[PDB]
Protein chains: 2
Amino acid sequence: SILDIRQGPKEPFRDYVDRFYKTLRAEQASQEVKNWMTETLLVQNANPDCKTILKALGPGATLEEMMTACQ
Amino acid sequence: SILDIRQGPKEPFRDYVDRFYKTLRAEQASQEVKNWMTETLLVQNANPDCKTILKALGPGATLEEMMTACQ
């Protein structure tokens, strides 16, 4: 179900982040899982432009940095 | 780096599974993270036909079942 959280073509990155972590919270994701999801599925399900930017940023970007990049 | 493990267009699913978990093992993924990755990124980075089959199978499929589906 986290799998179906995908950033909409005109959806601000911040709104997609809100929905992504809301879903993790409902699925009782541990902090460890949360860290992994942030570095993987959060990037993979971003929209084409944001996904591109996040991949350029690279793994180990913090959420703060991803949000800056895709604003 | 798990992010760059993607099933090749003619790559048997089993070979992609081998590479996917090898990479998790090198990144010292916990069992909890391993379970989450299996239900999410393993499916997301499968090739177009296999990804389609795995999504039809649905979340909560075991690896055994995913392997059966994409053989």
Side-chain angles (χ1 to χ4, degrees), chain A residues 1-67 69-70, chain B:
Chain A
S1 194
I2 194 68
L3 218 41
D4 303 302
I5 300 300
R6 305 178 51 63
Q7 180 180 17
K10 276 208 91 164
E11 183 181 23
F13 183 69
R14 160 190 91 247
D15 287 335
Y16 156 69
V17 165
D18 288 349
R19 302 191 300 116
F20 187 89
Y21 293 96
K22 182 170 273 223
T23 300
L24 290 180
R25 279 196 310 273
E27 296 178 333
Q28 281 99 287
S30 80
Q31 204 69 3
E32 186 187 37
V33 162
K34 193 197 296 172
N35 294 341
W36 275 83
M37 288 299 98
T38 298
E39 292 307 315
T40 58
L41 201 67
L42 186 66
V43 173
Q44 278 305 72
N45 287 354
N47 63 30
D49 280 358
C50 184
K51 184 163 159 170
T52 283
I53 296 163
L54 300 187
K55 290 158 56 78
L57 200 58
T62 56
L63 180 62
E64 296 62 51
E65 291 174 338
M66 297 178 163
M67 286 188 49
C70 287
Chain B
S1 194
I2 194 68
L3 218 41
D4 303 302
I5 300 300
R6 305 178 51 63
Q7 180 180 17
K10 276 208 91 164
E11 183 181 23
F13 183 69
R14 160 190 91 247
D15 287 335
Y16 156 69
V17 165
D18 288 349
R19 302 191 300 116
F20 187 89
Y21 293 96
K22 182 170 273 223
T23 300
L24 290 180
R25 279 196 310 273
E27 296 178 333
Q28 281 99 287
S30 80
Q31 204 69 3
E32 186 187 37
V33 162
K34 193 197 296 172
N35 294 341
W36 275 83
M37 288 299 98
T38 298
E39 292 307 315
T40 58
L41 201 67
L42 186 66
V43 173
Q44 278 305 72
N45 287 354
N47 63 30
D49 280 358
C50 184
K51 184 163 159 170
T52 283
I53 296 163
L54 300 187
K55 290 158 56 78
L57 200 58
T62 56
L63 180 62
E64 296 62 51
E65 291 174 338
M66 297 178 163
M67 286 188 49
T68 308
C70 287
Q71 176 171 350

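Order of the sequence lines fixes the chain letters, A, B, ..., with proteins taken first and strands second; residue numbering starts at 1 for each chain. Worth knowing before you read on, the calculation uses all heavy atoms, side chains too, and leaves out hydrogens, waters and symmetry mates.
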**Item:** Validation row: B:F13, B:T68 side chains within 4.5 angstrom (heavy atoms)
**Value:** no
**Request:** Tell me, please, which residues at least two apart from A:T52 pass side-chain contact (heavy atoms from CB on, under 4.5 Å).
**Result:** none
**Prompt:** Can you list the residues that meet the side chain to side chain donor-acceptor pair (under 3.5 Å) rule with A:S1, with sequence neighbours excluded?
**Reply:** none
**Asked** Among pairs that include at least one residue of residues 40-58 of chain B, which meet salt bridge (charged side-chain N to carboxylate O under 4.0 Å, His left out), considering only residues two or more places apart or in two chains?
**Response** none
**Request:** Sequence neighbours left out, what passes side-chain contact (heavy atoms from CB on, under 4.5 Å) with B:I2? Give chain and number order.
**Result:** A:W36, A:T40, B:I5, B:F20, B:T23, B:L24, B:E27, B:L41
**Request:** May I ask you to decide if B:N47's main-chain N or O and B:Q7's side chain share a donor-acceptor pair within less than 3.5 Å?
**Result:** yes
**Prompt:** Taking C-beta and beyond as the side chain, do B:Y16 and B:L42 meet within less than 4.5 Å on heavy atoms?
**Reply:** yes
**Asked** In chain order, what residues pass the side chain to side chain donor-acceptor pair (under 3.5 Å) check against B:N45, with sequence neighbours excluded?
**Response** A:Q44, B:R6
**Prompt:** Is A:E39 reaching over with its side chain to a backbone N or O of A:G60, donor-acceptor style, under 3.5 angstrom?
**Reply:** yes
**Item:** Contact summary for A:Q28 and A:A26, nearest pair of heavy atoms
**Value:** OE1-O, 2.7 Å
**Complete:** Residues at least two apart in sequence or cross-chain that pass side chain to side chain donor-acceptor pair (under 3.5 Å) with B:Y21, listed by chain then number, are B:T38
**Asked** Which pairs with one or both residues in residues 9-56 of chain A pass disulfide bond (SG atoms under 2.5 Å apart), sequence neighbours excluded?
**Response** A:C50-A:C70
**Prompt:** Among pairs that include at least one residue of residues 11-20 of chain A, which meet salt bridge (charged side-chain N to carboxylate O under 4.0 Å, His left out), considering only residues two or more places apart or in two chains?
**Reply:** A:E11-A:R19
**Pairing residues for A:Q31 by the side-chain contact (heavy atoms from CB on, under 4.5 Å) criterion, not counting sequence neighbours** = A:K34, A:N35
**Item:** Sequence-distant partners of B:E64, side chain to side chain donor-acceptor pair (under 3.5 Å), two or more places apart
**Value:** B:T62
**Message:** Within the 4.5 Å heavy-atom criterion, are A:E32 and A:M37 side-chain neighbours or not?
**Reply:** no
